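Q: Build me a model:
(one chain, ligands or ions: 6)
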Amino acid sequence: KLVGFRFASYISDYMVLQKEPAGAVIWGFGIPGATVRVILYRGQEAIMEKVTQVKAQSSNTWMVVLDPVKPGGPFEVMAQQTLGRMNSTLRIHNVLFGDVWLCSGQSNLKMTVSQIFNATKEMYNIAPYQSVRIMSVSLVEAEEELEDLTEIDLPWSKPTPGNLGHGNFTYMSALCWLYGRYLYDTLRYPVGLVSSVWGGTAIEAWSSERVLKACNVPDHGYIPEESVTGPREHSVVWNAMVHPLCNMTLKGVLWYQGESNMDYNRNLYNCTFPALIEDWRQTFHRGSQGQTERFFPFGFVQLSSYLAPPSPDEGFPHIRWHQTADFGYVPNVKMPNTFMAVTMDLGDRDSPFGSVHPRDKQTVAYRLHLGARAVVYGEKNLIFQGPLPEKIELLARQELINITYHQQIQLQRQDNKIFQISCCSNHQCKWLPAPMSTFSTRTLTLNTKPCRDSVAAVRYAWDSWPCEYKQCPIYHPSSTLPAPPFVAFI
Ligand SMILES: *[C@@H]1O[C@H](CO)[C@@H](O[C@@H]2O[C@H](CO)[C@@H](O[C@@H]3O[C@H](CO[C@H]4O[C@H](CO)[C@@H](O)[C@H](O)[C@@H]4O)[C@@H](O)[C@H](O[C@H]4O[C@H](CO)[C@@H](O)[C@H](O)[C@@H]4O)[C@@H]3O)[C@H](O)[C@H]2NC(C)=O)[C@H](O)[C@H]1NC(C)=O
Ligand SMILES: *[C@@H]1O[C@H](CO)[C@@H](O[C@@H]2O[C@H](CO)[C@@H](O[C@@H]3O[C@H](CO[C@H]4O[C@H](CO)[C@@H](O)[C@H](O)[C@@H]4O)[C@@H](O)[C@H](O[C@H]4O[C@H](CO)[C@@H](O)[C@H](O)[C@@H]4O)[C@@H]3O)[C@H](O)[C@H]2NC(C)=O)[C@H](O)[C@H]1NC(C)=O
Ligand SMILES: *[C@@H]1O[C@H](CO)[C@@H](O[C@@H]2O[C@H](CO)[C@@H](O[C@@H]3O[C@H](CO[C@H]4O[C@H](CO)[C@@H](O)[C@H](O)[C@@H]4O)[C@@H](O)[C@H](O[C@H]4O[C@H](CO)[C@@H](O)[C@H](O)[C@@H]4O)[C@@H]3O)[C@H](O)[C@H]2NC(C)=O)[C@H](O)[C@H]1NC(C)=O
Ligand SMILES: *[C@@H]1O[C@H](CO[C@@H]2O[C@@H](C)[C@@H](O)[C@@H](O)[C@@H]2O)[C@@H](O[C@@H]2O[C@H](CO)[C@@H](O[C@@H]3O[C@H](CO)[C@@H](O)[C@H](O)[C@@H]3O)[C@H](O)[C@H]2NC(C)=O)[C@H](O)[C@H]1NC(C)=O
Ligand SMILES: *[C@@H]1O[C@H](CO)[C@@H](O[C@@H]2O[C@H](CO)[C@@H](O)[C@H](O)[C@H]2NC(C)=O)[C@H](O)[C@H]1NC(C)=O
Ligand SMILES: *[C@@H]1O[C@H](CO)[C@@H](O)[C@H](O)[C@H]1NC(C)=O
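A: Numbers count the residues shown, from 1 in each chain. Ligands and ions are numbered 1, 2, ... in the order given. Below you will find the coordinate block:
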């Protein structure tokens, strides 16, 4: 109905488009049946040209896929609209080509540069990162999937101190920006960061109907008040803030979510999250006409610490577990081409926003940058996963449990209460603290004395607030990566 020739909403000046091998997609609206010519200029020279015609059927859209472009810039992109004796031209300037990353999640990734530690110096450190272009999607929800973005908080723009730290939970994600900054330090070519994030949302709002069907999520349509403070309805956030973007070619996705699922559909998270990334991969693949990799990188953050009221069953450790598909590490078979950052040891007790919103986002960006370099940018043989036990065995006569880790381990502190084992007597189990007894470069021996001989399972770091800041027991000496939490059965 709106027949005004225009680019898509997220196509503006200063943007970053996807680089070779993938081809950037340029689409917009116009008059049905009119002809559209999209020309890419390097300076004043027209490097390339594609031709298409605006759909005469329902969509009312015109779309071209450019040829692979080499990272760099600046470029210009022009679209010309012609029909009969009617002529129109659109031009966007200072376009760059490089790796585009989509950041989404809830309030912890909404947190801005102005809100984190060392805020001012990070805010004003942009001089070497002017080719790290940024955009923040405004909060909109919709009952049905949308073809275009309704509302944009921060259009494509070069980073400045003001737009980096532009308020409380507003413009630029500290995590997204810092991660893109590490990425630019490494890659040294243009990076684009599009952040569409809504605080206090459950993963159901971010998933389409397909994931809900695949995981048999209860079709309440609504979600317990306190658990989630944002849009309850299913898939609305996805419909209005992520679906329109799936026609943009992007390098990868950064994801920080799970806090709102601690007490809502907890036990289905190990289904929904892998299903979510898979559905996003497929939908972006078809939306960009195959330009986005069908298995594009999906880097995510494991939930951080949280000072929580005492509870018999805490959701946070369960969600930390389910975020790995109950496997303890990524990438794994259920999540190929994915990297993770463990953040439970980066707890902030005195944060003004809450224990759940720690201000140390630089360390998170560093660990995510390790994961990305290893999994995505061919920096193999770089330690990006924390020490995880390859072998667990039980010595019933010695009343011990011998655990051996794949990587060498280094002891930062002993915690009698961090290791817990389950005591199933009369076939009724009970979780009890198991103190560490012996330690070695690659193995440690736990003690069973409090549980007699009915041992069934062990678990490590299964508390919402497991340790104090950067003070967890087990660490890698070289990589400064913490031993991730886990549960194992005997
Ligand atoms: C509070 O926040 C500020 C702002 O971010 C931090 O200060 C920056 O910290 C980063 C990271 O330490 C510094 O970046 C490093 O700079 C070194 C040289 O930078 C100078 O020289 C280059 C030209 O060579 C100039 O372009 C640049 O502007 C600087 O003048 C690099 O050598 C570093 O890279 C390598 O270092 C290690 C090895 O030691 C490698 O392992 C790395 O992978 C990497 O390859 C790095 O790029 C930056 O210079 C700091 N200053 C500013 C103004 O940003 C504070 O650290 C932070 N403080 C606290 C307490 O949180
Ligand atoms: C994604 O993650 C979720 C949560 O981790 C998984 O859902 C649970 O998975 C576990 C393990 O597969 C299931 O546990 C089974 O529970 C049975 C009884 O359940 C009752 O008791 C528990 C607690 O006591 C209550 O919470 C529950 O509501 C019921 O009242 C046990 O009988 C099972 O054990 C039997 O078989 C095993 C097989 O080896 C023996 O070792 C045991 O001794 C015993 O004979 C088992 O413990 C649990 O039922 C699942 N649901 C819930 C709500 O907890 C998903 O499976 C997981 N999905 C994927 C794909 O990873
Ligand atoms: C960017 O890439 C994405 C990739 O998905 C594309 O998104 C697709 O957009 C179209 C919109 O045209 C979506 O298709 C629409 O689905 C409607 C509802 O489907 C459900 O409900 C119907 C009955 O209610 C069932 O039959 C069906 O099986 C589903 O269960 C259809 O009703 C739509 O057709 C009707 O809508 C238009 C209104 O615009 C009418 O004018 C038509 O005449 C027709 O009656 C339509 O098919 C599609 O679902 C989206 N993809 C996905 C995966 O969901 C974008 O199109 C693409 N953008 C560009 C510019 O290329
Ligand atoms: C960004 O947010 C911080 C944190 O505040 C908390 O989180 C926000 C998301 C909101 O939900 C806030 O309602 C919430 O408290 C803000 O810090 C707060 O700053 C204000 C003003 O500087 C402080 O208010 C005053 O505090 C003095 C104490 O000396 C009282 O006497 C006054 O009457 C008045 O209440 C407030 O204490 C402070 N809160 C915390 C927890 O530190 C911050 O202002 C905000 N910044 C911007 C730019 O919006
Ligand atoms: C716990 O398991 C580890 C792992 O095997 C044992 O350490 C091994 O000890 C043998 C002794 O001959 C060495 O040859 C291996 O090289 C050791 N492995 C490693 C990784 O160091 C350890 O002895 C076991 N401890 C107990 C009490 O059973
Ligand atoms: C549209 O106008 C521009 C500038 O006047 C011109 O270069 C172009 O050839 C025109 N296209 C038509 C008339 O189809």
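Q: okay, CA-based contacts and neighbour counts for the rest of this
A: Fine.
Q: Just say helix, strand or coil for the residue in the stretch 151-300 of the chain positioned nearest to ligand 2.
A: At 4.3 Å from ligand 2, residue 267 is the closest residue in the stretch 151-300 of the chain, using CA to the nearest ligand atom. The three-state assignment at residue 267 reads helix, by DSSP: H, G, I helix; E, B strand; the rest coil.
Q: Now for it, how many residues are close by?
A: Residue 267 has 15 neighbouring residues, counting by other CA atoms under 10 Å.
Q: With the one 5 residues further on instead?
A: Using other CA under 10 Å, residue 272 is surrounded by 27 other residues.
Q: For it, give its distance to residue 322.
A: Plainly put, residue 272 is 9 Å away from residue 322 if you go by CA to CA, to the nearest Å.
Q: Residue 22 too?
A: 32 Å.
Q: next one: residue 55
A: Taking CA to CA, one finds residue 55 at 43 Å from residue 322.
Q: Which one's more surrounded, those two?
A: residue 322 (23 against 18).
Q: what sits against that one?
A: Contact analysis of residue 322 by CA atoms under 8 Å, 6 or more residues apart in numbering lists 267, 269, 270.
Q: cool, and residue 279?
A: 208, 210, 211.
Q: Shouldn't the last one be within a helix?
A: Yes. Assessed with three-state DSSP, residue 211 lies in a helix.
Q: Show me which residues of this structure sit near ligand 2.
A: When proximity is defined by CA under 6 Å from any ligand atom, the chain lies next to ligand 2 at 267, 268, 270, 271, 325, 326.
Q: Please repeat the previous calculation with a cut-off of 8 Å.
A: Counting by CA under 8 Å from any ligand atom, the chain comes close to ligand 2 at 266, 267, 268, 269, 270, 271, 318, 322, 325, 326, 427, 429.
Q: neighbour-wise, which of those leads?
A: residue 269 (28 neighbours).
Q: Am I right that that one is in contact with residue 323?
A: Yes. Taking contacts as CA atoms under 8 Å, residue 269 lies within contact range of residue 323: 7.0 Å.
Q: List the contacts of the strand or helix carrying residue 180.
A: Secondary structure assignment for residue 180, by DSSP states H and E: helix 174-187. With CA under 8 Å, 6+ apart as the test, helix 174-187 has contacts from 103, 109-114, 116, 129, 132, 134, 164, 190-193, 195, 254, 361-362, 364-366, 368-369.
Q: Restricted to helices, list these.
A: 109, 110, 164, 362, 364, 365, 366, 368, 369 (DSSP state H).
Q: what number of residues lie near the fifth one?
A: This means residue 364. If we define neighbours as other CA under 10 Å, then residue 364 has 21 of them.
Q: if we can go back for a sec, could I get the contacts of residue 322 in TSV, plus columns for distance to ligand 4?
A: Shown next, in TSV, are the contacts of residue 322 (distance: CA to the nearest ligand atom, whole Å):
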residue	distance to ligand 4
267	30
269	28
270	30
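Q: returning to what we had before: generate a PyMOL selection restricted to the buried subset of the contacts of helix 174-187.
A: Provided next is the PyMOL selection string for whichever of the contacts of helix 174-187 are buried by 16 or more other CA atoms under 10 Å:
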select buried, resi 103+109+110+111+112+113+114+116+129+132+134+164+190+191+192+193+195+254+361+362+364+365+366+368+369
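Q: Please, where are all the strands along the stretch 351-490 of the chain?
A: Along the stretch 351-490 of the chain, counting by DSSP state E, counting those that start in this stretch, strands occupy 389-395, 400-405, 410-411, 419-423, 431-433, 436-439, 443-447, 455-460, 474-475, 486-489.
Q: Pipe those into TSV and attach mean neighbour count per row.
A: Shown next, in TSV, are those (neighbours: other CA atoms under 10 Å):
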stretch	mean neighbour count
strand 389-395	15
strand 400-405	19
strand 410-411	18
strand 419-423	23
strand 431-433	18
strand 436-439	16
strand 443-447	21
strand 455-460	19
strand 474-475	22
strand 486-489	16
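Q: Identify each buried residue in the longest strand that the chain contains, please.
A: Longest strand of the chain, by residue count under DSSP state E: strand 86-105. For strand 86-105, a neighbour-count test (16+ other CA under 10 Å) marks 92-105 as buried.
Q: what's the closest of the residues you listed to residue 343?
A: residue 105 (15.3 Å; CA to CA).
Q: surely that closest one meets residue 204?
A: No. With contact defined as CA under 8 Å, residue 105 does not count as touching residue 204 (11.5 Å).
Q: Would it be right to say that residue 39 lies in a strand?
A: Yes. Counting by three-state DSSP, residue 39 is part of a strand.
Q: Around ligand 4, which positions in this structure sit nearby?
A: Close to ligand 4, as judged by CA under 8 Å from any ligand atom, the chain has residues 115, 167, 168, 169, 351, 352, 353, 354.
Q: Endpoint to endpoint, stretch 417-431 covers what distance?
A: End-to-end distance (CA to CA), stretch 417-431: 11 Å.
Q: Contact partners for the closest residue to ligand 5 within the stretch 301-450 of the chain?
A: Residue of the stretch 301-450 of the chain nearest ligand 5, by CA to the nearest ligand atom: residue 402 (4.9 Å). Applying CA under 8 Å, 6+ apart to residue 402 gives the contacts 392, 393, 394, 395, 443, 444, 445, 446.
Q: at 10 Å what do you get?
A: 391-395, 437-439, 443-447 (CA atoms under 10 Å, 6 or more residues apart in numbering).
Q: so what's it bridging to?
A: residue 393, residue 445 (DSSP bridges).
Q: And for the residue nearest to the spatial centre of the chain, nearest residue in space, chain neighbours not counted?
A: The centre of the chain sits closest to residue 255, judged by CA atoms, centre = their mean, with a distance of 1.3 Å. Leaving aside its chain neighbours, residue 255 sits nearest to residue 300 (4.4 Å; criterion: CA to CA, 6 or more residues apart in numbering).
Q: what do you get for residue 122?
A: Nearest to residue 122 is residue 113, by CA to CA, 6+ apart, at 7.2 Å.
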